[PDB]
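One structure below.
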Amino acid sequence: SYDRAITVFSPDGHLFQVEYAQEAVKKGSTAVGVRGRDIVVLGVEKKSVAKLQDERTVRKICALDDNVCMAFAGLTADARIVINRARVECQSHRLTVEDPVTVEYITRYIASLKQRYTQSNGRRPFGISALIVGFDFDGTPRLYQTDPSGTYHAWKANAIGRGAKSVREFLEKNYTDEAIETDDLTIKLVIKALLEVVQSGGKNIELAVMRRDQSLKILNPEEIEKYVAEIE
Amino acid sequence: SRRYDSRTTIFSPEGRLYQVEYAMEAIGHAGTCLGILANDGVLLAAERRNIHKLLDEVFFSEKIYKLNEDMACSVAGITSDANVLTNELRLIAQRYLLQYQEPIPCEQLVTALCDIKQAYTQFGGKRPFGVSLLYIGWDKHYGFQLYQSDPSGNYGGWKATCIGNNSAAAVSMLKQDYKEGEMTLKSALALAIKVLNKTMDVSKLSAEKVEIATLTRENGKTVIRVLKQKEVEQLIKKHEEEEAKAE
Amino acid sequence: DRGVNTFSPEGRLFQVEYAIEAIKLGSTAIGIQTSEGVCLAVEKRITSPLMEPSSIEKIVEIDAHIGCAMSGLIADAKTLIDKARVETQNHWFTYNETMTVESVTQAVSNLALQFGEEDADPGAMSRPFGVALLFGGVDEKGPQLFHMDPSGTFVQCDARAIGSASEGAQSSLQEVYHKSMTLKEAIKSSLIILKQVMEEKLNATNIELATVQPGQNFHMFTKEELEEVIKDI
Amino acid sequence: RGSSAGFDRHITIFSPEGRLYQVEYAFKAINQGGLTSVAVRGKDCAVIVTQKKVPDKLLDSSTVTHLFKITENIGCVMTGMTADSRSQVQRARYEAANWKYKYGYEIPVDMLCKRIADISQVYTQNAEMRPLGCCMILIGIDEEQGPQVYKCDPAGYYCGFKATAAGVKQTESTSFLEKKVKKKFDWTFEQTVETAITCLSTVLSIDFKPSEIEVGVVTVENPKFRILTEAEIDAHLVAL
Amino acid sequence: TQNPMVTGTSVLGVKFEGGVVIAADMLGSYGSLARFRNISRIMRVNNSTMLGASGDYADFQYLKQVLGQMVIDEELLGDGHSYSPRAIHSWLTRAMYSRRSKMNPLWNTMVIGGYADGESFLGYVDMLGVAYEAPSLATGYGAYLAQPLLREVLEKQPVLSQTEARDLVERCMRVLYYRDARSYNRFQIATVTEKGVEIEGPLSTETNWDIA
Amino acid sequence: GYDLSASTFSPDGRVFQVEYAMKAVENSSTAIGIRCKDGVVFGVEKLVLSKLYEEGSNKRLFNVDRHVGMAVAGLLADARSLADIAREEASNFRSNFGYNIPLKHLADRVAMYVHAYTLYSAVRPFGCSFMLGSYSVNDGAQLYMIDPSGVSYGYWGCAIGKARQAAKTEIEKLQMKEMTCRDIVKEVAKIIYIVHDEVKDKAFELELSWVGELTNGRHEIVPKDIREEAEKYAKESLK
Amino acid sequence: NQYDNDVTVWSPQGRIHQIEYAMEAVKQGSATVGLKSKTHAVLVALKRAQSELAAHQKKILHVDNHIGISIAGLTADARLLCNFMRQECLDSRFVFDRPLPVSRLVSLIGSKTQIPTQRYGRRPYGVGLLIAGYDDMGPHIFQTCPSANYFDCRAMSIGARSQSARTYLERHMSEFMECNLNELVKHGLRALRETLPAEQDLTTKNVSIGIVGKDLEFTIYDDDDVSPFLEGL
Amino acid sequence: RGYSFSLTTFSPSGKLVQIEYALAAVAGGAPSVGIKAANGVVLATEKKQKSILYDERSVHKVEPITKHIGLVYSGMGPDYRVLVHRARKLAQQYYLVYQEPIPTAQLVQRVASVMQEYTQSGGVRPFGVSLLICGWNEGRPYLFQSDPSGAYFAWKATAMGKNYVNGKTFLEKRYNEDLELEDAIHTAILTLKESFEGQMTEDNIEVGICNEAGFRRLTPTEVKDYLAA
């Protein structure tokens with residue numbers, strides 16, 4: 002077994018491997034999502050489509066459970082380990098509890114997993130950040146954000162990836178009770194935020210909406226163009 | 002000992018993995034290999050590295066290493082680092098057929114190795130595999146598929162892609178002459194030879210410097226057949242003669 | 009260059025020495041031990057208006073009669089508060105009694121300074137904890153308020169302030185504190201010093217406070233209960 | 003000449019020329035003892051001779067020896083760090099004993115050196131451990147091959163010898179005795195003890211006394227390794 | 046030990062004023078057979094503590110090398126602290142209890158005498174870990190054939206002398222010779238006093254008289 | 007940087023971590039021993055730093071078995087571990103083989119325990135030099151000394167401490183082969199005081215022990231009656 | 004320069020810097036004093052003030068009924084070693100049903116403390132302990148240091164500015180054995196008083212006094228119980 | 004306890020330096036020349052002792068794995084031995100499971116996998132030895148070359164050791180696919196003559212052949228008979 006400390010303390014109380022793990026988050030694709038009333042929306046910005054891609058497996062929006070899904074930004078490899086192991090916890094929690102997983106439960110499990118590899122021997126922290134949405138048993142929407150350091154926080158709106166500092170300021174002033182009222186206006190709030198961080202033009206993005214009844218069905222490229230034409 | 006450790010699994014100040022980024026440049030000098038997703042089948046065109054005349058033929062292929070009856074791969078990278086990967090791929094694919102009594106879906110076997118290739122990019126302090134190898138095959142759901150697995154641990158679907166030497170100039174050619182859904186098998190064999198010309202410094206192709214394997218469905222059974230020397234030379238003579246008619 | 013276990017020329021053990029400096033990057037947490045109870049006040053440090061303040065817990069439930077305030081990295085203290093909740097249940101399970109605050113802080117602080125990269129265990133901690141926890145509650149000896157340093161040194165404190173503003177905040181505690189003060193004065197005296205050390209505007213949203221009475225159990229004030237104390241300051 | 007880059011100066015790995023920059027210094031560590039061992043085999047016998055130097059009068063002559071008995075029919079002589087010497091001898095006695103318990107018969111000199119050479123090789127390939135700073139010379143009487151003299155080094159090279167030299171004078175004692183490769187067997191018989199003595203006394207110009215060295219032999223008539231008493235060494239020293 | 050092989054017979058004991066004395070005959074027993082009669086089942090632990098055992102003699106040699114060697118280890122550093130007779134009785138009771146927990150018990154049945162701090166100590170250690178302190182002790186069949194005679198004298202006279210307790214042991218040992226098949230004629234007598242443990246040579250029961 | 011690891015040889019083929027380990031022995035006070043015809047006599051110069059230390063503190067004479075003594079020169083920390091390991095080496099022998107351990111075997115088992123830590127970078131060589139001595143009917147008296155490198159040689163007498171050469175000149179002319187144990191005890195104290203420096207190290211406590219036939223093969227600390235006789239006889243020759 | 008990063012690396016002078024840097028941490032700690040008479044052994048220590056409102060510390064821990072210690076060093080490493088001492092003393096009464104001799108308990112410390120020193124990736128214990136216990140041989144002051152070696156002392160003082168206390172102990176060291184129980188503690192009080200600045204004095208709250216004896220087991224005296232001892236000072 | 008971190012890492016230029024420097028130890032070793040003929044494969048290496056005191060009958064640079072398989076090396080002596088003794092173990096582990104003589108191509112893949120394991124797992128350096136592996140299976144000759152990285156290549160004829168570049172070009176001219184085992188032995192000896200610098204004799208080289216009768220090394224008496232031509 003390889004036992005060594007990769008993440009160690011530094012002068013002025015800093016963690017190099019943890020801070021540089023967050024640098025890989027800002028080097029990935031931009032993922033933006035918001036929390037509405039009965040609706041939650043997730044979306045990502047693809048860097049280059051090129052029309053050689055198979056759009057099914059390159060999706061950055063995964064589903065941890067029927068009521069819980071997540072979208073990340075960062076190294077694509079570091080994400081797949083998180084999604085796969087979180088789906089195991091969602092199934093193991095249904096075994097003992099006999100109830101669907103709460104959105105904060107799987108968020109703490111992922112945050113503690115991102116935390117564990119920071120203080121573990123011979124293990125590097127994740128280079129990803131996760132945006133998790135879902136609905137509890139009472140039907141309340143939830144939006145959470147996890148960091149490579151292991152901290153998790155709820156959000157009304159959040160943005161991760163490159164250019165997230167400009168999108169977060171865009172979502173801060175434009176978020177209100179009017180835009181989060183209608184289900185269609187909530188979807189357009191993410192697209193309007195994604196178009197600001199995409200310098201290419203048009204819609205290269207990928208967006209998925211998860212409601213309560215009939216969970217999540219990801220929107221096709223033709224369906225996302227209808228909202229982009231209405232906001233033009 | 003910390004003095005002797007090279008810190009392979011750490012992060013760079015810019016957010017990069019050193020041993021992962023340096024393993025990509027080993028692939029840029031590695032053997033040129035490409036693949037094309039068509040309607041009735043998928044092919045693998047790989048430029049042979051060692052053309053040396055005193056080299057003999059051992060078993061069935063060179064860089065191919067067929068992983069199963071329903072799917073095959075092609076490797077570009079350190080010649081040794083590809084062997085352990087192909088062995089583990091044959092282990093994962095057969096444990097599925099052992100456990101589920103079904104042929105392995107091409108999407109599942111790629112995900113399994115990319116977790117093993119990632120395991121050395123995170124914990125253990127070892128070096129990552131310097132081989133990025135492609136995937137071809139057929140399943141009962143999405144049919145023919147083509148994958149590309151990087152040493153970083155990430156993969157993705159591809160209609161047309163190339164790995165190895167001159168991969169950047171090869172993908173650019175596959176962005177134009179390729180048509181989604183309109184490419185058949187025989188049209189893909191001609192497109193593979195067209196790319197292997199401009200992407201290789203040689204004046205032409207003698208058919209001993211390339212190896213092509215096709216995967217098609219025959220009578221409900223997936224067959225993997227590597228094109229022989231006489232079958233590849235017919236493709237080269239077809240493209241060399243057609244190039245004179247276009248100018 | 010060097011490992012996690014090393015002694016300085018002065019014997020300061022840099023890893024914990026640098027872990028204490030990580031506390032100076034965290035939010036301010038203040039608490040007071042009175043004869044009628046203990047209080048724990050901590051700053052949330054809201055980063056953005058889109059951040060939900062209800063999801064920031066720097067004060068968590070250890071036992072029914074015990075509560076703790078946190079500072080620094082929120083993550084590193086999550087594994088310590090989890091072992092505390094297990095330790096309080098392991099004592100009540102075996103001995104059928106409420107676990108004293110002295111043994112709770114002592115057991116959690118045992119995880120401090122215990123780390124290594126050489127043959128520690130199958131799992132191990134690569135670095136100590138860069139967090140400072142203020143433990144509080146009412147035990148058989150009365151209300152007790154304790155602190156836990158990254159060096160594993162726990163100290164009984166009547167009033168102690170931690171976090172980035174800890175310097176200059178402790179000087180404000182020693183002036184206004186006396187042994188005869190009540191709990192209602194402790195909640196009011198806490199927010200006054202918080203008003204000085206907090207950069208943004210102090211309101212019921214960005215402050216988090218909880219108290220432990222001898223008669224009652226650990227309880228955290230809601231949004232409506234914090235509005236009454238702020239108007240009194 | 004030889005390039006040096008990276009950690010080559012500390013842990014054993016490939017030099018830019020692939021010379022094992024670190025392994026080559028285990029041979030120089032043998033010369034740190036300042037001693038020379040001369041081993042030579044005849045037709046019916048094999049002889050080992052090394053230098054015995056007492057630095058202080060308080061030393062006990064019987065306790066300080068470089069000749070060790072691995073088994074009944076196999077002798078030994080060591081040149082190198084004496085601390086590394088006793089470690090390799092105990093491993094040879096433990097390895098030769100596992101042979102008899104597992105395989106039923108006494109171990110030949112052929113495969114007693116290879117296993118120790120394989121052990122010393124493990125020190126060369128692993129970076130966490132240094133090679134031994136001494137070399138082992140093992141002698142004995144094989145059933146089919148008769149007398150055998152082999153030497154393993156820190157690099158793991160056990161290849162055979164018609165005669166073996168080691169130590170600081172190894173280079174001088176090898177070329178001098180190489181001229182004794184002339185006549186077939188160099189008059190090989192019981193008096194080959196003097197063959198090793200005159201080679202050791204020539205390079206050091208010492209003209210050793212009876213107790214100045216220590217000698218041991220293996221023979222066909224007496225397969226057991228015997229350490230010659232200083233009274234018996236004086237008989238051969240007075241004849242030359 | 047699942048089943049014993051070479052077994053011993055009753056070992057007596059009594060505490061008098063000034064020390065403790067026990068006695069055991071020298072005989073081996075395998076399947077109702079006298080095999081090794083030269084074996085000595087009475088062990089001298091150290092100066093202030095003496096020991097004797099019934100039961101398996103092979104397991105007793107293990108207790109000879111494990112317990113006797115610990116005495117040397119305590120005397121290596123030599124700070125002036127020595128094992129008291131009740132401390133060895135405690136360590137030995139712990140070793141006997143740890144064996145039955147793993148289901149590998151020691152068939153030995155032991156009696157530990159000693160004199161320390163001006164107080165005579167006597168103790169009993171069995172196979173199952175039963176331990177206590179009684180003025181008189183007899184193991185095996187000695188509990189049936191001897192201890193009744195031991196308690197009879199000690200009930201009227203709780204404190205004995207060195208010569209009177211010696212006649213008590215020799216008279217109870219002679220009774221063991223008559224009705225016990227595992228008994229034997231020659232027997233060892235060891236006595237701990239302020240001068241230490243002294244193990245006397247062989248004594249014969251041949252003074253016995255059989256009237257038929 | 008060849009000296010930063012015990013597994014790294016120098017360009018001249020030397021291991022400094024082993025060589026710097028024996029330099030700590032030169033920073034420790036002198037401890038000597040003498041093997042005579044009737045047994046083995048030990049002595050140690052024990053430097054007490056502050057007068058607050060109790061007499062007998064930091065004992066330099068250890069008994070690894072009843073018939074074998076031990077005398078150390080070096081870091082006192084590594085001296086007590088090697089004493090316990092030498093106890094375990096003699097402990098496992100009497101358990102398996104059932105008889106007292108020959109000091110030829112005991113010194114060889116401990117010398118390899120010391121050398122086993124000189125071949126790896128994960129451990130450090132011991133910084134103390136220690137000597138062994140014993141007496142037996144068949145085997146007689148034996149004295150060996152183990153260096154920090156793990157090498158063991160036989161000695162009639164040996165000197166390890168601050169001054170190594172100064173005490174050897176006094177022992178070589180002693181002619182110990184014809185002298186009994188009681189005559190050596192008076193001579194050992196004479197050698198301890200002559201190599202002592204009245205300038206640098208002031209306070210000291212003489213630690214002496216022997217083993218031989220008069221103890222019937224047993225090693226013990228010198229009684230006060232004999233020790234007082236040897237110290238007074240040694241100060242008389244010091245002048 | 005490069006020899007101080009590892010404990011297993013010897014310096015050119017035949018010296019280990021890492022062990023000596025651990026002995027620097029015990030001198031940067033708090034001054035602790037202890038001494039023995041022919042009857043009782045007493046430990047007197049300064050409880051350090053981290054702030055004005057905080058109960059200082061507890062630097063004296065209970066090991067066994069007949070054994071007690073005083074902490075100078077890293078506090079978390081003290082109880083980590085003390086828990087082994089508590090387990091070692093309970094080991095004897097469990098197995099041997101006798102009090103474990105103080106001289107043998109300290110010998111087990113030197114063997115355990117040495118193991119981190121010789122192995123790579125581990126650090127020596129950076130806490131010294133003044134151990135007071137009553138065995139069959141009388142009181143025992145046996146000292147433990149970051150270096151695995153131990154010393155038997157009649158009187159000893161460690162921690163910050165302990166040299167001024169050793170000067171007081173070395174002068175009166177002849178009369179310690181003739182002192183009674185009440186007057187014996189007063190020597191440790193005046194010895195510990197020399198460890199304070201001219202602006203500081205010995206109070207009841209900052210002083211804890213351990214005592215062990217023949218007919219009296221090891222007991223600690225709190226701020227209220229140290230008043231009779233400070234009445235003559 | 005051993006090092007768990009890999010000593011071989013990717014250079015900034017995208018190469019493995021410990022394997023690249025391992026080829027330098029192979030290039031400085033003794034020349035070994037394999038040739039695959041129609042009915043058999045011959046392995047000819049240069050065995051040169053630094054002095055006349057060394058025993059030529061003690062160690063054999065050409066050693067058999069099984070009766071039908073043998074292999075020769077160009078490079079360090081010791082790093083070949085632990086490598087070749089494990090090849091003998093991996094060959095019989097096949098014979099235990101399958102009760103069949105191990106194929107040559109199957110034996111090379113298992114040995115090359117072990118040579119790869121030490122180029123990846125930590126605490127171990129790569130091998131400085133390259134292999135020329137021959138064998139007779141299924142009525143076909145086999146000649147393979149194992150690189151220190153763990154890569155294998157099927158060769159009709161090749162050469163390694165000192166002056167391998169000038170030696171390899173010497174084989175391609177005089178090599179023919181219709182050559183027999185007797186004709187391939189002389190061509191393998193002539194390559195060892197390309198760089199010698201001295202007078203070569205029967206004890207100055209080591210040669211062995213693998214035919215349908217199995218693998219065996221040529222005795223010094225049989226080597227002298229081939230040197231007269």
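Chains as they are written, first to last, in UniProt numbering: chain V, 2 to 233; chain P, 2 to 248; chain E, 9 to 241; chain S, 3 to 242; chain Y, 46 to 257; chain L, 7 to 245; chain F, 4 to 236; chain W, 4 to 232. Beta carbons are placed, not taken as given, at the ideal position from N, Cα and C, and that holds for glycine.
If distances are taken between C-alpha atoms only, which option among the options comes closest to residue i?
| i | options | result |
| --- | --- | --- |
| Y/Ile133 | Y/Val90, Y/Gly63, Y/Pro180 and Y/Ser165 | Y/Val90 |
| L/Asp231 | L/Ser87, L/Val191, L/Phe15 and L/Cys42 | L/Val191 |
| Y/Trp254 | Y/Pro180, Y/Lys109 and Y/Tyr222 | Y/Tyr222 |
| P/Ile237 | P/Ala247, P/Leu197, P/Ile225 and P/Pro14 | P/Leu197 |
| S/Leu37 | S/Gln92, S/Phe9 and S/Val170 | S/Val170 |
| P/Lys205 | P/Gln20, P/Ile194, P/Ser2 and P/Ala214 | P/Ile194 |
| V/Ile188 | V/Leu114, V/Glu231 and V/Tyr153 | V/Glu231 |
Can you give the Cα-Cα distance for residue i and residue j, rounded to whole angstroms?
| i | j | result |
| --- | --- | --- |
| V/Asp13 | E/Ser174 | 16 angstroms |
| L/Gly80 | W/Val127 | 36 angstroms |
| P/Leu216 | P/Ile137 | 7 angstroms |
Using the DSSP secondary-structure output, state which residues sit across from residue i in a beta bridge.
| i | result |
| --- | --- |
| P/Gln146 | P/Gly138 |
| L/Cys134 | L/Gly80 |
| S/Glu19 | None, per the DSSP bridge assignment. |
Quick check on residue i: does DSSP put it in helix, strand or coil?
| i | result |
| --- | --- |
| P/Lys229 | coil |
| L/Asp9 | helix |
| W/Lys53 | coil |
Just confirm the distance between the C-beta atoms of residue i and residue j, as a whole number of angstroms; I'd bet it's less than 8 angstroms.
| i | j | result |
| --- | --- | --- |
| F/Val229 | F/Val210 | 5 angstroms |
| Y/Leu167 | Y/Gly158 | 5 angstroms |
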